[PDB]
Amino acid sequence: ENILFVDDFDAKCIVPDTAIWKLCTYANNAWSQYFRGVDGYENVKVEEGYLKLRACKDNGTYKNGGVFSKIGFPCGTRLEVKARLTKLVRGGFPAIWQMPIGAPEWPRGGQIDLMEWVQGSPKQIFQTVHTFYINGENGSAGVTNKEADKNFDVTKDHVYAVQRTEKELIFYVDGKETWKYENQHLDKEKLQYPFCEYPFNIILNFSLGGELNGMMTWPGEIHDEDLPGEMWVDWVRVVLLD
């Protein structure tokens, strides 16, 4: 099987590979708002074969932990990520996902979420597709997998995967297919399937929710007493398909 990229996070270093992995930065949205004033690698380390991403509160200030790949991947590929949460955190918002590189403004270039967790459904994860066709100017939910295992322990290791081709996206958990999002071969102007127009990166983060500009976010209310939380990523792999 053809390995286009792999990181086992087992390099003789205390931070993830500095050529591949960049620290996440502040932006006025739910997942990014608490990268503000995160000092370098304070919430991000490599240790005992894991990337360890921490979310915590530091003298009044919520701080996220996350990195994104500077490298990205074409179509005809499958991304596999092994990860667990150390615990459930109320208001915690950990994610394993992909953004297009150099695409028009979100959500026009698309977005793929291999894993998200929120306190509102604590014994499940979400696998989600975003496009301008789905979301338009006003939508943020995307299309998510409704038959998601309802009886599932996020604090154990799982392998989250998406296979991306011109035909479709196929999601997996622990090597079992969960759902697919098909190319409908519509007018290019509808932007229904942008997933081969730009390379997609890898994003790994443990973010905190609560209010954004006075509106409650999907991950809901932050319970300070539950903090800190960590996501441990054992490995990331991108395979070239047949």
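Numbering starts at 1 and follows the sequence shown.
Check: Which has the higher mean CA temperature factor in the PDB entry, 186-194 or 28-36?
Finding: Higher mean C-alpha B-factor: 186-194.
Notebook entry, point to check: According to the deposited model, is the average Cα temperature factor higher in 144-152 or in 85-93?
Noted result: Comparing 144-152 with 85-93, the higher mean C-alpha B-factor belongs to 144-152.
Next item on the list: Would you mind checking which of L208, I202, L53, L212 has the top Cα temperature factor in the PDB entry?
Entry: In this record, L212 carries the highest C-alpha B-factor of the candidates.
Check: Looking at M231, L227, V15, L23, which has the biggest Cα B factor in the entry?
Finding: Answer for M231, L227, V15, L23: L227, with the highest C-alpha B-factor.
Check: Sorting the chain's CA B-factors, does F132 end up in the lowest, middle or highest third?
Finding: Tercile = middle for this residue's CA B-factor.
Next item on the list: Determine, from the deposited record, the chain-internal third of the Cα B-factor for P107: lowest, middle or highest.
Entry: As the PDB entry reports it, the C-alpha B-factor of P107 lands in the middle third of its chain.
Check: By the record's CA B-factor, is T217 among the lowest, middle or highest third of residues in the chain?
Finding: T217: CA B-factor falls in the middle third of its chain.
Next item on the list: Looking at the entry's B-factor column for C-alpha atoms only, identify whether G175 ranks in the lowest, middle or highest third of its chain.
Entry: Highest third - that is where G175 ends up once the chain's C-alpha B-factors are sorted.
Next item on the list: Looking at the entry's B-factor column for C-alpha atoms only, identify whether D113 ranks in the lowest, middle or highest third of its chain.
Entry: It belongs to the lowest third of the chain when residues are ordered by C-alpha B-factor.
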